[PDB]
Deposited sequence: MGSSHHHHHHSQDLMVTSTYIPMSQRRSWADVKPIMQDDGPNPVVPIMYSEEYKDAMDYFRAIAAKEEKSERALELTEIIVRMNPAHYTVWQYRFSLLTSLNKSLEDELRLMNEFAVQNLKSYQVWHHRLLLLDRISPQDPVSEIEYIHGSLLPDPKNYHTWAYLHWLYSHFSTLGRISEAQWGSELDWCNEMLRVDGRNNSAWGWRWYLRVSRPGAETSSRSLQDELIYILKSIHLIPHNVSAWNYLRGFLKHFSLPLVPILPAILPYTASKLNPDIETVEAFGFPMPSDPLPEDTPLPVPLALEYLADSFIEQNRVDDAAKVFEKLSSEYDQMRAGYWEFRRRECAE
């Protein structure tokens, strides 16, 4: 049975404060006895701005019942800093939260704040934790964004070595080997190879990247991720489409095509062919493939491809 906090001698001096809903509120929640009682005392603690161990314990009680309570998380971080608590211990508690399936924007943001403040000389162990976290949940948006922040923040401090960058690309390649249709891993690749300030972008480096993209396309021709990356790559580095066209042309009927269950044509291969015609100032030929996309090969987007066609004609 639950022992009310009004009966606990540790809380005897605190007068609980009720939720101020006003008269007859809409969307009221039938809070459990535990949650209501905890919030009544949290309202009191926070109003008087108490920074104590019991207050810290109360915040943990609440976020376990409601991991999304942003007010309580904000108060918890204030408690950690005021009381000069071990930030490393709090990180381990956050690891326990993930294992116990307690998750939200708030937990990940809490981790970010902890790591910002700890500010380790080498963030390798946190990077490792993130990798392990991604394995069973390989497309978790928040986890991927946090990985971006971590490398971005710590790189500005000059704390990411070339070896560390190297092993990150290795890890990213393995994620794409395990699932070439993981768009999150393609996005990570873009950061590592193109967008990050330290990205290696010599002429042979761009050559290597094109080989990788084309090989990915030949492996999985219907992979929208690979096509989007190709198109984004060529556009970002102002590279002509025509010289690469021989590698794409077979999918409309440098590494070349070799695959069973590959019906032709591939819609995005046609978009490539069309844009390569526009590059050559061949607007009529471009309109013809847009028309084919509109009427025959990608009819879901009939209106869009017609729009693109009318842009030429």
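Chemist: Counting from residue 1 of the deposited sequence, where are the gaps with no C-alpha coordinates?
Modeler: Since the structure holds only modelled residues, the stretches it omits are 1 to 18, 272 to 285, 291 to 293, 349.
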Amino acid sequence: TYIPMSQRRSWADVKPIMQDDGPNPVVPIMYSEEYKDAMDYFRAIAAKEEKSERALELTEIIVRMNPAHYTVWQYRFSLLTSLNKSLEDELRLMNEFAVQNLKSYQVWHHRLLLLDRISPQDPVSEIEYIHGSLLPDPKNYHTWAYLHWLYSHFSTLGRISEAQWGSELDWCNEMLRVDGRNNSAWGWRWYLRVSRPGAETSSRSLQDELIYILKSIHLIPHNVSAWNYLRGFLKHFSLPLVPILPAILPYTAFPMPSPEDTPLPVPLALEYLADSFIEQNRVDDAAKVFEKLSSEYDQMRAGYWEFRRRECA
From here on, numbers count along this sequence of modelled residues.
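Rigid core (definition): largest C-alpha set, two forms, superposition within 1.5 Å.
Chemist: Which of 91 to 99 and 77 to 85 lies farther, on average, from the shown form in 5 other deposited structures of this protein once the rigid core is superposed (C-alpha RMS)?
Modeler: The stretch that sits farther from the shown form in 5 other deposited structures of this protein is 91 to 99.
Chemist: Superpose by the rigid core and compare 103 to 111 with 169 to 177; which one moves more, by C-alpha RMS, in 5 other deposited structures of this protein?
Modeler: After the core superposition, the stretch with higher RMS deviation in 5 other deposited structures of this protein is 103 to 111.
Chemist: For the higher mean C-alpha B factor in the entry, choose 142 to 150 or 232 to 240.
Modeler: Per the PDB record, 232 to 240.
Chemist: Higher mean Cα B-factor in the deposited model: 63 to 71 or 260 to 268?
Modeler: It is 260 to 268.
Chemist: Which has the highest CA B-factor per the PDB entry: 162, 126, 208, 174?
Modeler: Answer, based on the entry's C-alpha B-factors: 208.
Chemist: Whose CA atom has the top B-factor in the entry, of 58, 286, 29, 45?
Modeler: Within the set 58, 286, 29, 45, 286 shows the top C-alpha B-factor.
Chemist: Sort the modelled residues of this chain by their C-alpha B factor and say whether residue 217 lands in the lowest, middle or highest third.
Modeler: For residue 217, the deposited C-alpha B-factor lands in the middle third.
Chemist: Taking the chain's C-alpha temperature factors as the reference, tell me which third residue 77 falls into: lowest, middle or highest.
Modeler: Tercile = lowest for this residue's CA B-factor.
Chemist: Residue 204: which third of its chain by C-alpha temperature factor?
Modeler: As the PDB entry reports it, the C-alpha B-factor of residue 204 lands in the highest third of its chain.
Chemist: In terms of the chain's CA B-factor thirds, is residue 86 lowest, middle or highest?
Modeler: Middle third, going by the recorded CA B-factors of the chain.
Chemist: Taking the chain's C-alpha temperature factors as the reference, tell me which third residue 105 falls into: lowest, middle or highest.
Modeler: As the PDB entry reports it, the C-alpha B-factor of residue 105 lands in the highest third of its chain.
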